[PDB]
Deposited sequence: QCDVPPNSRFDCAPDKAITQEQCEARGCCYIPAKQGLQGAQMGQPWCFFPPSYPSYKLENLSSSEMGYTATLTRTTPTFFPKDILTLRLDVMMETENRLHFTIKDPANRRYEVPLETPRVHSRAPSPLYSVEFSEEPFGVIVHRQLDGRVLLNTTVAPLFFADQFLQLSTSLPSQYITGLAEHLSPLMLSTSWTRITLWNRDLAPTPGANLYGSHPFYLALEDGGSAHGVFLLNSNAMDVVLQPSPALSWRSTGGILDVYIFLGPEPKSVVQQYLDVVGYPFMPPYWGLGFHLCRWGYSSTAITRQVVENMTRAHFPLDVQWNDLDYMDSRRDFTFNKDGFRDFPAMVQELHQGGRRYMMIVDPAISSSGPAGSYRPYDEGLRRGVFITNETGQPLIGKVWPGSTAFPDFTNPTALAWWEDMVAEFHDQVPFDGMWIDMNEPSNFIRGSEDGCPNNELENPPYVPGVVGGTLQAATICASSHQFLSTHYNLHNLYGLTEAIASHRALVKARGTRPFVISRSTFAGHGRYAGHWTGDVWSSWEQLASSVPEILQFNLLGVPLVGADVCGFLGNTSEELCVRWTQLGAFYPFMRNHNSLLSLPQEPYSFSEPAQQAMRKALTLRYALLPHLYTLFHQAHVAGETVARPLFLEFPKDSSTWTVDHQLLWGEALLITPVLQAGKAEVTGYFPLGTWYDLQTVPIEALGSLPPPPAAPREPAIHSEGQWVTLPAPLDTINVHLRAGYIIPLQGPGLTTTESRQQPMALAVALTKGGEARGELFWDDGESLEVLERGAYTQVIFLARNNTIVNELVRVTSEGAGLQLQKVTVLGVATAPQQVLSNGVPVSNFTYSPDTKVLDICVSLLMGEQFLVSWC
């Protein structure tokens, strides 16, 4: 009974240090590891639940689960109900609940055969899910006992391979280590560092299968949890409350798994076009005069800038919905002037509301108190913590009245200063003291029987009391949703205040965040290590349906170097959300603050991003309508090439653009993986060294001097480009161009989505233009999917064709010789001047 292979041992003492005698007294096996692997582990006979009265419904199945021997945790729920729902051909859903008591549940909005088959083990109870096509076991919960106690849930499964991604937010490779890794989900204000619970929690994984198929698993549970990965390979979910609410997504393609997951949690929100421009912020722009000089200095040096930001500097004594009458006396005028120049404005908003001001002197607190918007303690008074303004209360964003109060505070402040979005920081929620000014009571929520591996060893560390009261439940159950609930409140407040698409960037997140807001990776150091770590983290958030993500360009903490800032701006120009942000005590890192050569390299990176904005916007449209990723790992695009599975220091934009950054000091080259096919050097496309890599699926060393980032265009793709501007207000008025990357057979395809860039309900109202581009047999045509006033007058003035083997003797536009074209025999590039409209059918041809 104790003969269990080391890698297959499941921990029977996850709760405490245990002796051999105590371990054997639990009915467990004690075998020291020979050098982590648990010494105390479950025999195959350890008591679990027994399946009884399995029954069939039109939805799927129902059963009773009965435990007859208690576990070592208090308050086992001895009788459970199993519900299995065969929802779609690619989505299986099952729940395990207490049929005698409603338990906390996360609030969530709602040949012919399924891709899965399901069977059950009777005793010990397990759910077994096969992929029907090849018989592969994806889920098998029989591998370890089911635990279901009031404050401890444990469900385990075999994994189909050593390759698993997800379970944000942690500083990790994209593929998680299965070598006895404990991953803790408990939203926490901590500067990103490995092995720590960070700002967000996403209880979703995507698991690769030999051959390139994949499945995903979502545990819809917002409690503090540990996820334990072991090398058998296997996974254990360990949650401190709620229920087991499990979704399995059958793929089979990794991109399909992500789309199926986003079908449940929500497709990403469509950002405004201006949100894809460059953002510039620091902590320390201490006046409107200084903030105006940033825009002036960027403009003078020809650096594009769409959005100027301020941190805490604008506030009166670090209070929300105020501005100081010293440095920021003319704040409204500053923001109005930004709008006059075609730029937008963003500023920080914290959740905590100053509670110490004289009564009647600070409306956000006074009105919050009147309407009962705050998280309360045992006696029903507001829980008071300590943040930037001093003593503060914390809004309860599960309370419908708090949502109305937040809408009013945002709308009233927007009447004073017309800001264009909200930067919501510290929404873990972050507390500078432990729990509250009055400490926390001694109860089972504050001191639970199982404490997951959180930094500081307590649920109260850097946050508010776990037993504090919210409208829907205790903070214990709702903590991991706090940031998400603020993002939802802020999204609605901005819609009501401005009547156009909201732009919310949030530190703390939960599963489904991307439906409402974007994210930045928080207080990263200005280091080569953190530049390199940003690529896996940006890819991970794209898999989790938060495509609007980035890191602080040049890093937040510490002082950047000029070389690091060049490399970080080059890579950061490919973050879907691109902001340079800087800490209070740091040396300046605005693009105009560097040497002339560094400025040139940073200007080129920004110029290329701005040229690509129509393409990036189209990629966001595909995320919003079809649950696609914007920035994606090579394995999402080439899953059948197992060499891609561990690549996380390269990224794709969509299907076609491969970015291979330098991520180390002193390098003038980079080695990157090129999947099978032809990859054209984007340097061969004119914008205002081998021309093509012919890959069999291999590593290629590329020249990468300080002024260069490697970007390659996949053969068979067409990308729309637009002319330059210092803002998207300017760039959106410029003529467009196509980059047409031909296959060997002369084929290529691409698309453009265009709307007014900011209106609500565009797709519902049909207020957009959608065009497909097709290259075939020495011709390029457009196919008009939808043409409306928004996009009709888009000018196409240049067509660049890559992979043209022989110089043409004639180039025609709608049957007439073009005014001008150039062919380069060295690079095989045909560059064509044209006078066309995206919204009217054209035919360009050469021979």
Open item on the list: Against the full deposited sequence, which stretches does the structure leave out?
Closed with: 36 to 42, 118 to 123, 702 to 713
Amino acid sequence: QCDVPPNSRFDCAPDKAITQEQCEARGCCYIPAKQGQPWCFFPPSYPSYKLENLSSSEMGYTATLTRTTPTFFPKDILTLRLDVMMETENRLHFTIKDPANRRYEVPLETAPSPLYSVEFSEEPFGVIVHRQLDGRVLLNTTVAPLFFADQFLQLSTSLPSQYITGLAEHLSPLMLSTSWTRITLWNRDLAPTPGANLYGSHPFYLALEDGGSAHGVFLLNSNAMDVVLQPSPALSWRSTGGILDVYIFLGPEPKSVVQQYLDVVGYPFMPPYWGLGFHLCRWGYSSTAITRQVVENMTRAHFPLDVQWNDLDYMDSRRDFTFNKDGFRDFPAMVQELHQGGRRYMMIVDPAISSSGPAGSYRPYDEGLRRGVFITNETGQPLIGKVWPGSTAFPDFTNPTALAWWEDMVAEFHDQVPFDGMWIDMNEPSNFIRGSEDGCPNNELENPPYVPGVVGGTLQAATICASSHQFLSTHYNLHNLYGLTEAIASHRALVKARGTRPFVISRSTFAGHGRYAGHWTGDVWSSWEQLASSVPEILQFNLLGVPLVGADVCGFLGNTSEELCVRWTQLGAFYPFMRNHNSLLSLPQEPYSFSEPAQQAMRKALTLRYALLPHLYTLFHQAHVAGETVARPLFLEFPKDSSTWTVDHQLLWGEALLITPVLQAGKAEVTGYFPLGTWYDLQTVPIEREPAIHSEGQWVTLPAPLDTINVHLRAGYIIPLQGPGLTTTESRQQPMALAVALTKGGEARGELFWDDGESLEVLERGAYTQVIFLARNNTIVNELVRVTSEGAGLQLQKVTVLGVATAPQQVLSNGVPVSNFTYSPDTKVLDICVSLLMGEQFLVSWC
From here on, numbers count along this sequence of modelled residues.
Task: No coordinates for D306 in a third or more of the other PDB entries - done: no
Open item on the list: In a third or more of the other compared PDB entries with flanking residues modelled, does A775 go missing?
Closed with: no
- [ ] Tell me which of 652 to 660 and 701 to 709 has the higher mean C-alpha B-factor in the deposited entry.
- [x] 701 to 709
Task: 323 to 331 or 392 to 400, whichever carries the higher mean Cα B-factor - done: 323 to 331
- [ ] Would you mind finding, among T769, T71, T629, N140, the residue with the largest C-alpha temperature factor in the entry?
- [x] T71
Task: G522, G216, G555, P724, ranked by C-alpha B-factor: the highest one - done: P724
Open item on the list: Ranking the modelled residues of this chain by C-alpha B-factor as given in the entry, is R300 in the lowest, middle or highest third?
Closed with: highest
TODO: Consider only the C-alpha atoms of the modelled residues in this chain, order them by B-factor as the entry records it, and name the third containing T458: lowest, middle or highest.
DONE: middle
Task: CA B-factor placement of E669, once the chain's modelled residues are sorted into thirds - done: highest
- [ ] Would you mind checking where the Cα B-factor of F510 ranks among the modelled residues of its chain, as the lowest, middle or highest third?
- [x] lowest
Open item on the list: Using the temperature factors of the C-alpha atoms in this entry, rank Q230 within its chain: lowest, middle or highest third.
Closed with: middle
